[PDB]
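What's in my_file-v3.cif: mmCIF, C-alpha atoms
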data_entry
#
loop_
_atom_site.group_PDB
_atom_site.id
_atom_site.type_symbol
_atom_site.label_atom_id
_atom_site.label_comp_id
_atom_site.auth_asym_id
_atom_site.auth_seq_id
_atom_site.Cartn_x
_atom_site.Cartn_y
_atom_site.Cartn_z
ATOM 1 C CA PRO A 1 -7.443 40.818 23.427
ATOM 2 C CA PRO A 2 -6.605 43.824 25.651
ATOM 3 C CA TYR A 3 -9.201 44.632 28.267
ATOM 4 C CA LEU A 4 -11.597 47.483 28.728
ATOM 5 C CA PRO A 5 -12.529 49.324 31.957
ATOM 6 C CA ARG A 6 -16.162 49.513 33.134
ATOM 7 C CA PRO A 7 -18.071 52.816 33.471
ATOM 8 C CA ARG A 8 -17.030 54.621 36.710
ATOM 9 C CA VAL B 1 3.447 62.717 -4.342
ATOM 10 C CA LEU B 2 4.929 65.458 -2.142
ATOM 11 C CA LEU B 3 1.728 65.858 -0.192
ATOM 12 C CA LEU B 4 -0.358 63.237 1.566
ATOM 13 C CA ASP B 5 -3.469 63.798 3.739
ATOM 14 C CA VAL B 6 -2.840 61.722 6.936
ATOM 15 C CA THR B 7 -4.075 61.467 10.473
ATOM 16 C CA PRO B 8 -1.146 63.186 12.171
ATOM 17 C CA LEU B 9 -1.184 61.263 15.486
ATOM 18 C CA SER B 10 -2.083 57.744 16.552
ATOM 19 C CA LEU B 11 -5.717 57.112 17.415
ATOM 20 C CA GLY B 12 -6.849 54.444 19.817
ATOM 21 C CA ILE B 13 -8.594 53.708 23.142
ATOM 22 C CA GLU B 14 -7.776 53.368 26.846
ATOM 23 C CA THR B 15 -7.353 49.819 28.078
ATOM 24 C CA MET B 16 -7.023 48.357 31.553
ATOM 25 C CA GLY B 17 -4.440 50.107 33.860
ATOM 26 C CA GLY B 18 -4.411 53.436 31.974
ATOM 27 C CA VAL B 19 -2.740 52.242 28.733
ATOM 28 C CA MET B 20 -3.440 53.569 25.230
ATOM 29 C CA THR B 21 -3.948 50.782 22.648
ATOM 30 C CA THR B 22 -3.565 52.114 19.146
ATOM 31 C CA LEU B 23 -6.099 51.305 16.350
ATOM 32 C CA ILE B 24 -4.742 53.718 13.639
ATOM 33 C CA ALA B 25 -1.033 54.633 13.542
ATOM 34 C CA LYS B 26 0.195 58.210 13.187
ATOM 35 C CA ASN B 27 0.636 59.248 9.591
ATOM 36 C CA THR B 28 -1.833 56.784 8.162
ATOM 37 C CA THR B 29 -3.364 58.160 4.944
ATOM 38 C CA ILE B 30 -7.046 58.923 4.915
ATOM 39 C CA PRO B 31 -9.722 57.503 4.365
ATOM 40 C CA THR B 32 -8.828 54.485 6.490
ATOM 41 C CA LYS B 33 -10.526 51.995 8.850
ATOM 42 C CA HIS B 34 -9.362 49.400 11.309
ATOM 43 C CA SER B 35 -10.989 47.136 13.896
ATOM 44 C CA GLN B 36 -9.628 45.141 16.781
ATOM 45 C CA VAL B 37 -11.294 42.885 19.340
ATOM 46 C CA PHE B 38 -11.214 43.746 23.056
ATOM 47 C CA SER B 39 -12.689 42.069 26.167
ATOM 48 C CA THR B 40 -13.768 42.844 29.691
ATOM 49 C CA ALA B 41 -11.239 43.618 32.517
ATOM 50 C CA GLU B 42 -13.127 41.787 35.420
ATOM 51 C CA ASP B 43 -15.423 38.736 35.820
ATOM 52 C CA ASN B 44 -19.073 39.524 35.107
ATOM 53 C CA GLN B 45 -18.391 43.033 33.860
ATOM 54 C CA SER B 46 -21.672 44.230 32.376
ATOM 55 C CA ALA B 47 -20.469 47.406 30.539
ATOM 56 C CA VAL B 48 -17.269 48.823 28.992
ATOM 57 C CA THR B 49 -16.250 52.480 28.469
ATOM 58 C CA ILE B 50 -14.662 53.281 25.162
ATOM 59 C CA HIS B 51 -12.344 56.378 25.834
ATOM 60 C CA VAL B 52 -11.076 57.547 22.432
ATOM 61 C CA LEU B 53 -7.532 59.040 22.559
ATOM 62 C CA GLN B 54 -5.119 60.827 20.159
ATOM 63 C CA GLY B 55 -1.414 60.691 20.870
ATOM 64 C CA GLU B 56 1.807 58.764 20.901
ATOM 65 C CA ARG B 57 2.215 58.095 24.659
ATOM 66 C CA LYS B 58 1.652 54.640 26.152
ATOM 67 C CA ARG B 59 0.179 56.338 29.267
ATOM 68 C CA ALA B 60 -3.497 57.112 28.262
ATOM 69 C CA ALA B 61 -3.509 60.107 30.679
ATOM 70 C CA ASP B 62 -0.846 61.843 28.542
ATOM 71 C CA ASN B 63 -2.811 61.566 25.283
ATOM 72 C CA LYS B 64 -5.623 63.853 24.083
ATOM 73 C CA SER B 65 -9.072 62.635 24.906
ATOM 74 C CA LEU B 66 -11.482 62.884 21.966
ATOM 75 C CA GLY B 67 -14.679 61.467 23.378
ATOM 76 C CA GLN B 68 -16.053 58.441 25.238
ATOM 77 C CA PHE B 69 -19.201 56.274 25.210
ATOM 78 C CA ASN B 70 -20.270 53.148 27.125
ATOM 79 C CA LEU B 71 -21.487 49.836 25.716
ATOM 80 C CA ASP B 72 -23.836 48.205 28.199
ATOM 81 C CA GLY B 73 -25.587 44.775 28.310
ATOM 82 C CA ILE B 74 -22.573 42.435 28.234
ATOM 83 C CA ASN B 75 -23.811 39.112 29.580
ATOM 84 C CA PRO B 76 -22.032 37.571 32.634
ATOM 85 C CA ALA B 77 -18.800 35.808 31.675
ATOM 86 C CA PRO B 78 -15.328 35.313 32.989
ATOM 87 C CA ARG B 79 -13.023 38.291 32.206
ATOM 88 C CA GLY B 80 -11.313 38.074 28.777
ATOM 89 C CA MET B 81 -14.072 35.963 27.217
ATOM 90 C CA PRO B 82 -16.615 38.491 25.810
ATOM 91 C CA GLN B 83 -15.653 39.744 22.296
ATOM 92 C CA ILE B 84 -16.065 43.523 21.938
ATOM 93 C CA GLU B 85 -15.253 44.581 18.419
ATOM 94 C CA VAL B 86 -13.926 48.183 18.177
ATOM 95 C CA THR B 87 -13.871 49.894 14.824
ATOM 96 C CA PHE B 88 -12.355 53.288 13.923
ATOM 97 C CA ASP B 89 -13.237 54.686 10.535
ATOM 98 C CA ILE B 90 -11.972 58.043 9.212
ATOM 99 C CA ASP B 91 -13.698 59.213 6.160
ATOM 100 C CA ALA B 92 -12.403 61.415 3.417
ATOM 101 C CA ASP B 93 -13.712 64.450 5.365
ATOM 102 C CA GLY B 94 -11.530 63.633 8.399
ATOM 103 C CA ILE B 95 -14.620 62.686 10.516
ATOM 104 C CA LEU B 96 -13.830 59.854 12.935
ATOM 105 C CA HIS B 97 -16.475 57.204 13.510
ATOM 106 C CA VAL B 98 -15.842 54.793 16.387
ATOM 107 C CA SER B 99 -18.192 51.891 17.223
ATOM 108 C CA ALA B 100 -18.118 49.000 19.655
ATOM 109 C CA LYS B 101 -20.125 45.830 19.172
ATOM 110 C CA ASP B 102 -20.580 42.888 21.503
ATOM 111 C CA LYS B 103 -20.673 39.740 19.390
ATOM 112 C CA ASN B 104 -22.614 37.649 21.912
ATOM 113 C CA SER B 105 -25.243 40.224 22.790
ATOM 114 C CA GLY B 106 -25.440 41.833 19.319
ATOM 115 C CA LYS B 107 -25.483 45.263 21.063
ATOM 116 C CA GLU B 108 -23.611 48.197 19.588
ATOM 117 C CA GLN B 109 -22.872 51.816 20.388
ATOM 118 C CA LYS B 110 -21.069 54.444 18.428
ATOM 119 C CA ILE B 111 -19.875 58.083 18.375
ATOM 120 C CA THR B 112 -18.906 60.593 15.684
ATOM 121 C CA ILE B 113 -15.895 62.859 16.358
ATOM 122 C CA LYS B 114 -15.599 65.848 14.051
ATOM 123 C CA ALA B 115 -12.404 66.553 11.998
ATOM 124 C CA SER B 116 -11.299 69.629 13.944
ATOM 125 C CA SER B 117 -11.142 67.620 17.230
ATOM 126 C CA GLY B 118 -7.944 66.837 19.136
ATOM 127 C CA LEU B 119 -4.502 68.525 19.011
ATOM 128 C CA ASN B 120 -3.661 71.510 16.809
ATOM 129 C CA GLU B 121 -0.436 71.696 14.747
ATOM 130 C CA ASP B 122 1.803 73.083 17.594
ATOM 131 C CA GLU B 123 0.625 70.400 19.991
ATOM 132 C CA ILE B 124 1.227 67.638 17.431
ATOM 133 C CA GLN B 125 5.017 68.457 17.187
ATOM 134 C CA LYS B 126 5.162 68.703 21.004
ATOM 135 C CA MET B 127 3.403 65.288 21.368
ATOM 136 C CA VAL B 128 5.857 63.579 19.021
ATOM 137 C CA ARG B 129 9.031 64.868 20.788
ATOM 138 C CA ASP B 130 7.460 64.129 24.230
ATOM 139 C CA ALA B 131 6.846 60.463 23.216
ATOM 140 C CA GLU B 132 10.415 60.218 21.900
ATOM 141 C CA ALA B 133 11.829 61.694 25.156
ATOM 142 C CA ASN B 134 9.605 59.234 27.131
ATOM 143 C CA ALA B 135 10.080 56.021 24.988
ATOM 144 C CA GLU B 136 11.996 54.115 27.703
ATOM 145 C CA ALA B 137 9.773 55.370 30.616
ATOM 146 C CA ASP B 138 6.700 54.261 28.648
ATOM 147 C CA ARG B 139 8.250 50.760 28.115
ATOM 148 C CA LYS B 140 8.672 50.537 31.933
ATOM 149 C CA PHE B 141 5.092 51.801 32.429
ATOM 150 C CA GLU B 142 3.764 48.958 30.226
ATOM 151 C CA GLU B 143 5.642 46.479 32.371
ATOM 152 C CA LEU B 144 4.294 48.051 35.521
ATOM 153 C CA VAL B 145 0.726 47.800 34.115
ATOM 154 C CA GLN B 146 1.030 44.083 33.290
ATOM 155 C CA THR B 147 1.820 43.437 36.980
ATOM 156 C CA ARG B 148 -0.741 45.947 38.287
ATOM 157 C CA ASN B 149 -3.438 44.195 36.149
ATOM 158 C CA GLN B 150 -2.508 40.788 37.619
ATOM 159 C CA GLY B 151 -2.744 42.316 41.113
ATOM 160 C CA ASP B 152 -6.043 43.911 40.285
ATOM 161 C CA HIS B 153 -7.373 40.524 39.039
ATOM 162 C CA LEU B 154 -6.336 38.717 42.248
ATOM 163 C CA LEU B 155 -7.903 41.365 44.446
ATOM 164 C CA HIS B 156 -11.135 41.006 42.511
ATOM 165 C CA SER B 157 -11.159 37.197 42.507
ATOM 166 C CA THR B 158 -10.274 36.845 46.207
ATOM 167 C CA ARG B 159 -12.954 39.376 47.165
ATOM 168 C CA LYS B 160 -15.642 37.479 45.169
ATOM 169 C CA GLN B 161 -14.453 34.369 47.015
ATOM 170 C CA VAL B 162 -14.679 36.023 50.457
ATOM 171 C CA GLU B 163 -18.273 37.075 49.577
ATOM 172 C CA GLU B 164 -19.318 33.610 48.266
ATOM 173 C CA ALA B 165 -17.547 31.895 51.195
ATOM 174 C CA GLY B 166 -19.790 33.590 53.823
ATOM 175 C CA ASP B 167 -19.430 31.935 57.264
ATOM 176 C CA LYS B 168 -17.687 28.768 55.840
ATOM 177 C CA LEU B 169 -14.387 30.724 56.218
ATOM 178 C CA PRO B 170 -12.979 31.107 59.828
ATOM 179 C CA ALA B 171 -13.038 34.646 61.270
ATOM 180 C CA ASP B 172 -9.291 34.953 61.750
ATOM 181 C CA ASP B 173 -8.736 33.797 58.157
ATOM 182 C CA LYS B 174 -11.035 36.672 57.095
ATOM 183 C CA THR B 175 -9.141 39.224 59.292
ATOM 184 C CA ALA B 176 -5.754 38.279 57.714
ATOM 185 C CA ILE B 177 -7.284 38.311 54.162
ATOM 186 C CA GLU B 178 -8.760 41.808 54.604
ATOM 187 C CA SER B 179 -5.425 43.180 55.827
ATOM 188 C CA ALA B 180 -3.645 41.547 52.863
ATOM 189 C CA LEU B 181 -6.241 42.932 50.353
ATOM 190 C CA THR B 182 -5.688 46.440 51.754
ATOM 191 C CA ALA B 183 -1.936 46.066 51.570
ATOM 192 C CA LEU B 184 -2.263 44.869 47.955
ATOM 193 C CA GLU B 185 -4.435 47.817 46.977
ATOM 194 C CA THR B 186 -1.941 50.198 48.606
ATOM 195 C CA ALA B 187 0.971 48.556 46.670
ATOM 196 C CA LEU B 188 -0.981 48.859 43.345
ATOM 197 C CA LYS B 189 -0.664 52.651 43.553
ATOM 198 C CA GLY B 190 3.180 52.463 43.600
ATOM 199 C CA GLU B 191 5.448 52.023 40.527
ATOM 200 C CA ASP B 192 7.480 49.117 41.970
ATOM 201 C CA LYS B 193 6.563 45.727 40.385
ATOM 202 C CA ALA B 194 8.269 43.546 43.010
ATOM 203 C CA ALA B 195 6.310 45.449 45.725
ATOM 204 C CA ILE B 196 3.085 44.497 44.032
ATOM 205 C CA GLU B 197 4.077 40.860 43.515
ATOM 206 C CA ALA B 198 5.187 40.703 47.223
ATOM 207 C CA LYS B 199 1.678 41.746 48.378
ATOM 208 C CA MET B 200 0.010 39.277 46.005
ATOM 209 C CA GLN B 201 2.209 36.698 47.798
ATOM 210 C CA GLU B 202 1.265 37.899 51.297
ATOM 211 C CA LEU B 203 -2.359 37.616 50.239
ATOM 212 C CA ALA B 204 -2.042 34.068 48.837
ATOM 213 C CA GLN B 205 -0.317 32.915 52.043
ATOM 214 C CA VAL B 206 -3.373 33.950 54.163
ATOM 215 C CA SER B 207 -5.741 32.492 51.474
ATOM 216 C CA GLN B 208 -5.181 28.655 51.579
ATOM 217 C CA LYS B 209 -8.382 27.708 53.551
ATOM 218 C CA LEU B 210 -10.411 30.118 51.400
ATOM 219 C CA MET B 211 -8.854 28.496 48.278
ATOM 220 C CA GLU B 212 -9.975 25.192 49.868
ATOM 221 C CA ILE B 213 -13.601 26.429 50.455
ATOM 222 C CA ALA B 214 -13.916 28.068 46.956
ATOM 223 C CA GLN B 215 -12.582 24.682 45.776
#

Would you write the structure of this file as structure tokens?
Amino acid sequence: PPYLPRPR
Amino acid sequence: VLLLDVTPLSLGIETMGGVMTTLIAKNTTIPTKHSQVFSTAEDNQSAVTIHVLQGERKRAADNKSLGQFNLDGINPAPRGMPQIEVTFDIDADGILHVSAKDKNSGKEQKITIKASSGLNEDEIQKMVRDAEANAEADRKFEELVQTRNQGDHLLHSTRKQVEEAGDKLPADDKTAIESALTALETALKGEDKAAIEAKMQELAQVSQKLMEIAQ
């Protein structure tokens, strides 16, 4: 799985 | 048929290091749906942002943003382990539904994106030729991002270790580690992969006693 950024 | 109703550009989301990952390819006939599993970028990440994008570029920043929502409440885990299921569904009216669901927590969030959203017909032709002209640059960008993401992971892990180490780590080991973290962060903003890997190296060389403590 590719990864997702967190909310800024 | 001589006519087919299609989504004219690829649809997908931003993933770590400013990459677009495609869920529906350009020219897919509607209605259509597809899902793919994603995970968190850093250890213990508690929320993810789902930035929905239309376009053919591998650089997220060069695609058209359609909307964004966060999914909160992801339980602590090492990075890459949570399973965040992302689903795009385009109905026969051209309305795009995107949801994300965390399989461990059961939590889910979703948005609706209306059919007139995104690029108009002129911009669609532009976007296609732009991605063709930039095919090889985008392949190099994707390489650069693999290395930047490794560098980003080391920076994160080392910093967590510094924190957890407290006073167990000698003060001049800490000084050298902080310098090497800063140099690695500086390098991450460049487009040279070797430069990044060289700073990861310079960091690991000042990190042996910390690796010993953490261990």

Identify all chain B residues at most 7 Å from chain A by counting only C-alpha atoms; ligands do not count. Present them as a PyMOL selection string.
-> chain B and resi 15-16+37-41+45+47-49+70+80

Restricting the output to C-alpha atoms, write the selected residues as a CSV table (one decimal), in the coordinates of the input.
chain,number,residue,atom,x,y,z
B,15,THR,CA,-7.4,49.8,28.1
B,16,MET,CA,-7.0,48.4,31.6
B,37,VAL,CA,-11.3,42.9,19.3
B,38,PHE,CA,-11.2,43.7,23.1
B,39,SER,CA,-12.7,42.1,26.2
B,40,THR,CA,-13.8,42.8,29.7
B,41,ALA,CA,-11.2,43.6,32.5
B,45,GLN,CA,-18.4,43.0,33.9
B,47,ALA,CA,-20.5,47.4,30.5
B,48,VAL,CA,-17.3,48.8,29.0
B,49,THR,CA,-16.2,52.5,28.5
B,70,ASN,CA,-20.3,53.1,27.1
B,80,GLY,CA,-11.3,38.1,28.8

Hits from the PyMOL selection byres ((chain B and resi 27-34) around 12), listed as a ChimeraX atom specification = /B:3-12,22-26,35-37,55-56,85-99,115,124,128

Could you tell me which residues the PyMOL selection byres ((chain B and resi 204-215) around 7) grabs in this file, written as a PyMOL selection string?
-> chain B and resi 161+165+169+173+176-177+200-203

Separation of CA of residue 157 in chain B from CA of residue 186 in chain B, in Å and rounded to one decimal | 17.1 Å

As a tab-separated table (two decimals) with C-alpha atoms, in the frame of the given file, please: the residues near residue 193 in chain B (cut-off 9 Å, all atoms listed in the file, same-chain neighbours under 2 positions excluded).
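Result file is part-v2.tsv:
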chain	number	residue	atom	x	y	z
B	143	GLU	CA	5.64	46.48	32.37
B	144	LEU	CA	4.29	48.05	35.52
B	145	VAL	CA	0.73	47.80	34.12
B	147	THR	CA	1.82	43.44	36.98
B	148	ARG	CA	-0.74	45.95	38.29
B	187	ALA	CA	0.97	48.56	46.67
B	188	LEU	CA	-0.98	48.86	43.34
B	190	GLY	CA	3.18	52.46	43.60
B	191	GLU	CA	5.45	52.02	40.53
B	195	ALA	CA	6.31	45.45	45.72
B	196	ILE	CA	3.08	44.50	44.03
B	197	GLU	CA	4.08	40.86	43.52
B	198	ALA	CA	5.19	40.70	47.22

Kindly list the centre and edge lengths in Å, rounded to one decimal, for the axis-aligned box that covers all listed atoms of chain A plus 6 Å on each of its six sides, as AutoDock Vina command-line options.
--center_x -12.3 --center_y 47.7 --center_z 30.1 --size_x 23.5 --size_y 25.8 --size_z 25.3

Pull out every residue that the PyMOL selection byres ((chain B and resi 64) around 8) matches in the shown coordinates and put them as a PyMOL selection string.
-> chain B and resi 53-55+61-63+65-66+118-119

Residue with smallest distance to residue 153 in chain B - pool B:79, B:59, B:103, B:114, counting only C-alpha atoms =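 Of B:79, B:59, B:103, B:114, the one nearest residue 153 in chain B is B:79, counting only C-alpha atoms.
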
One-decimal distance in Å that lies between CA of residue 142 in chain B and CA of residue 21 in chain B = 11.0 Å

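Picture a line from CA of residue 73 in chain B to CA of residue 17 in chain B; it runs 22.5 Å.
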
With a distance cut-off of 9 Å and all atoms listed in the file, select the neighbouring residues of residue 130 in chain B, excluding the residue or stretch itself and same-chain residues fewer than 5 positions from it, and output the selection as a count of residues only.
-> 4
